[PDB]
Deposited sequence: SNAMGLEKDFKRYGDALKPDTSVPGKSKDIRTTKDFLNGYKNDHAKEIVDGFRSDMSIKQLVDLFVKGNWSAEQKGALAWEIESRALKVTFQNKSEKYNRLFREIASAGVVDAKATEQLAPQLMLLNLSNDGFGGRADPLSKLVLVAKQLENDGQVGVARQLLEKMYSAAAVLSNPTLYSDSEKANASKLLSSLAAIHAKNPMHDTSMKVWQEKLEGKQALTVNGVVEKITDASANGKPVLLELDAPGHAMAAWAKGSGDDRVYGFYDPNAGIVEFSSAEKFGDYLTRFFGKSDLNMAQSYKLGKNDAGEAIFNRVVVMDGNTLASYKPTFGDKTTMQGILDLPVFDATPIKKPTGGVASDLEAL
């Protein structure tokens, strides 16, 4: 009978006064509400609230003890059988556009192919964040969705139109072009601002400071984190509450945070011995202090990299590749 207990409570009401809201907290009723016990039932708590003269802060204390129990909504990881059924349906036969949106974020990429280091992906993810900072939306999440769609079209071409087979080959052949002609070696334009290696190499903390620097509010920070035969990306984009700090790894996929503190906690624990110890798994060397350092950290120039053309003769730019379609 929690429904009848919540109606009598709601009718007994002040819920917007700063005197009430200050009392609306946990472990506070046991110190200002005479006749309160943390083993009481919702029914007993409502009886104590109605039968009794209370102050503004005192009504807020009981309000929290009542609402924290009556309006409680608990969350928990979804059971594996629901995820297994969704992946089985979404990965079967013809590619499902809407299903791929929900499936892409749960997958990881593997190796032959092109690079095997994810050379072109870390770069395209950085261009995508340059474009997202400038207003576009979900450019990086759609890059993974399109790659998954292109691969599916290339594996079962008999299930797609000639237009779709042409789009899939063009997108995948474009990733191979970025690897064949690495923009880092181009001499007509400099796609990088700085190339921190050797005695200038950065640690995970160095990358975190560069990404979370509060002086970059509104401007994008685009870094390519290079480890032996394994390339990753880190970035910052947006402004104010919309500013986001992210990290990309072919294994973990794309991870973003609104909090600079959570981003720093994630990256430190990702590479640190305290948790995943990825720094030693990707075989990072150490500086004279014994701190893990990246073989190279490239501070990219989003604008120059976005305008780079991987295939000579063709006018398709990096930004152009992120807009290449797969389906009509």
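K.L.:
So which bits of the deposited chain never got modelled?
P.N.:
Counting from residue 1, the stretches without coordinates are 1 to 4, 18 to 29, 128 to 130, 348 to 365.
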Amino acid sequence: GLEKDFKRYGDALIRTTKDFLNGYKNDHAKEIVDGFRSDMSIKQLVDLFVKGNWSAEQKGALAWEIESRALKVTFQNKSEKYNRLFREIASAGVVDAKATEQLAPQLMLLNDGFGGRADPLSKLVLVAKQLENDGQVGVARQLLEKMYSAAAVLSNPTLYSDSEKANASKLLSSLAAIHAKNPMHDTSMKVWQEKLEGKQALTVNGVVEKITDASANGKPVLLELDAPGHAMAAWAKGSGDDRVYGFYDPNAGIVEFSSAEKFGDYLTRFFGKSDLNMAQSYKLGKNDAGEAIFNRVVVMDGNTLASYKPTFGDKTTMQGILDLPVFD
From here on, numbers count along this sequence of modelled residues.
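K.L.:
Where do the C-alpha atoms have the higher mean temperature factor in this entry, in 114 to 122 or in 151 to 159?
P.N.:
Taking the mean C-alpha B-factor of 114 to 122 and of 151 to 159, the larger value falls to 114 to 122.
K.L.:
Quick one: say whether 55 to 63 or 268 to 276 has the higher mean Cα B-factor in the deposited entry.
P.N.:
The stretch with the larger mean CA B-factor is 55 to 63.
K.L.:
Quick one: which of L284, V299, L45, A260 has the biggest Cα B-factor according to the entry?
P.N.:
Among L284, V299, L45, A260, the highest C-alpha B-factor in the entry belongs to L45.
K.L.:
Of the three thirds of its chain by CA temperature factor, lowest, middle or highest, which one includes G253?
P.N.:
Lowest third of the chain for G253's C-alpha B-factor.
K.L.:
Quick one: classify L2 as lowest, middle or highest third of the chain based on its Cα B-factor.
P.N.:
Highest third of the chain for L2's C-alpha B-factor.
K.L.:
Per the entry's values, where does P220 land by CA temperature factor relative to the rest of its chain, in the lowest, middle or highest third?
P.N.:
Bottom third by C-alpha B-factor.
K.L.:
Quick check for you: using the entry's CA B-factors within this chain, is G198 in the lowest, middle or highest third?
P.N.:
Its C-alpha B-factor, which the entry lists for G198, ranks in the highest third among residues of this chain.
K.L.:
C-alpha B factor of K210, ranked within the chain: lowest, middle or highest third?
P.N.:
Middle third.
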